[PDB]
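Residue numbers (this note's numbering), protein chains in the order written: chain X, 267 to 388; chain L, 267 to 388.
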Ligand SMILES: *[C@@H]1O[C@H](CO)[C@@H](O[C@@H]2O[C@H](CO)[C@@H](O[C@@H]3O[C@H](CO)[C@@H](O)[C@H](O)[C@@H]3O)[C@H](O)[C@H]2NC(C)=O)[C@H](O)[C@H]1NC(C)=O
Ligand SMILES: *[C@@H]1O[C@H](CO)[C@@H](O[C@@H]2O[C@H](CO)[C@@H](O[C@@H]3O[C@H](CO)[C@@H](O)[C@H](O)[C@@H]3O)[C@H](O)[C@H]2NC(C)=O)[C@H](O)[C@H]1NC(C)=O
């Protein structure tokens, strides 16, 4: 199904942003649409979105972050990141937030501006 | 099922906040938990949460707002509000946001601070 201007794929709907924003701003944005940032299901899904976002270049925020007090990478669903379901690359001496480039997954400052993608589940 | 410190009810899990915040801050908060603000299902559900939040008093933000350029009340899922599935009370000369008190549902400035509740669906 999905709504107008969102792209369907398996049991999920995606909306790619038209602007770039901080990680926390992107949380508020997908929140106002009754959605969340991305919980990556497969390397298949990561392929599909990498294509969809090819034209935009940029690298898009996902629902995955590192808070220094936790001492670990965590998806917004509460699960710890599996390092070889998905391999994040970059430093972690501060709170960081993950984005997905064409070739990598990046630890970045949560105050960087990136494109984001929102998901809703059918 | 649900996770630790969330309350189950029908097919939904709820978490009540421990602080009070603006509407947009609450969007970011439930976003970081892979959740959304409340989409009220029944007057049954509004009863259950009004009890759960009885001890906090206060009035909790929900996933419903009015943006002046739209000219109508809309849930975060995109649907327009049915005024007698749920009746909102208060003015609308500016963008507003809805909270649920013990007796009413209130139009408020989106910059007010309220308690909020996040929902995940099983
Ligand atoms: C929190 O979100 C993360 C990211 O979506 C979830 O991680 C994903 O969990 C699924 C389901 O358990 C994993 O899929 C599995 O793949 C193997 C095939 O190799 C198969 O044996 C299983 O039947 C299943 O399909 C998936 O790999 C995994 N993705 C990543 C990137 O780690 C996590 O489950 C979520 N937490 C929940 C739903 O509580
Ligand atoms: C967007 O969210 C709102 C708030 O959750 C949804 O409104 C709710 O929609 C449901 C399902 O259509 C309504 O329930 C219906 O109740 C009558 C009994 O009077 C029954 O005939 C139907 O079988 C159904 O159970 C519910 O009243 C309604 N709640 C409110 C407060 O309006 C709306 O559906 C959501 N949009 C979606 C899912 O796209």
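Built from N, CA and C at the ideal position, the CB exists for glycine as well.
Spatial distance of residue i from residue j (CA atoms)
i	j	result
residue 346 of chain X	residue 385 of chain L	21 Å
residue 409 of chain L	residue 312 of chain L	No answer is possible for residue 409 of chain L: the residues shown for chain L start at 267 and end at 388.
residue 350 of chain L	residue 332 of chain L	17 Å
residue 321 of chain L	residue 315 of chain L	11 Å
residue 364 of chain L	residue 369 of chain X	42 Å
residue 338 of chain X	residue 289 of chain L	29 Å
residue 375 of chain X	residue 353 of chain L	43 Å
residue 378 of chain X	residue 296 of chain L	21 Å
residue 371 of chain L	residue 291 of chain X	27 Å
residue 356 of chain X	residue 334 of chain X	15 Å
residue 283 of chain X	residue 293 of chain X	12 Å
residue 285 of chain L	residue 319 of chain L	13 Å
residue 362 of chain X	residue 309 of chain X	22 Å
residue 280 of chain L	residue 268 of chain L	8 Å
residue 367 of chain L	residue 317 of chain L	11 Å
residue 299 of chain X	residue 358 of chain X	31 Å
residue 387 of chain X	residue 340 of chain X	20 Å
residue 360 of chain X	residue 348 of chain L	46 Å
residue 382 of chain L	residue 287 of chain L	8 Å
residue 336 of chain L	residue 380 of chain L	24 Å
residue 373 of chain X	residue 323 of chain L	41 Å
residue 342 of chain X	residue 342 of chain L	19 Å
Endpoints, alpha helix (DSSP H) assigned at residue i
i	result
residue 290 of chain X	289–298
residue 311 of chain X	309–318
Unbroken beta strand (DSSP E) run spanning residue i, endpoints
i	result
residue 385 of chain L	383–387
residue 211 of chain L	Summary: the structure shown does not reach residue 211 of chain L, with chain L confined to residues 267 through 388, and so no result is reported for it.
residue 372 of chain L	371–374
residue 274 of chain X	273–275
Using a Cβ distance threshold of 8 Å, determine whether the stretch 304–313 of chain X contacts the stretch 324–334 of chain X, with at least three qualifying pairs required. yes
Taking 6 Å as the limit, name every residue whose beta carbon sits nearer than that to some heavy atom of ligand 2, in sequence order. L/305, L/306, L/307, L/341, L/343, L/345, L/348, L/351, L/352
Should the stretch 268–282 of chain X be regarded as contacting the stretch 272–283 of chain L, the criterion being three or more beta carbon pairs within less than 8 Å? no
Entirely within the stretch 331–365 of chain X and at least 3 residues each: give me those beta strand (DSSP E) ranges in chain order. 338–341
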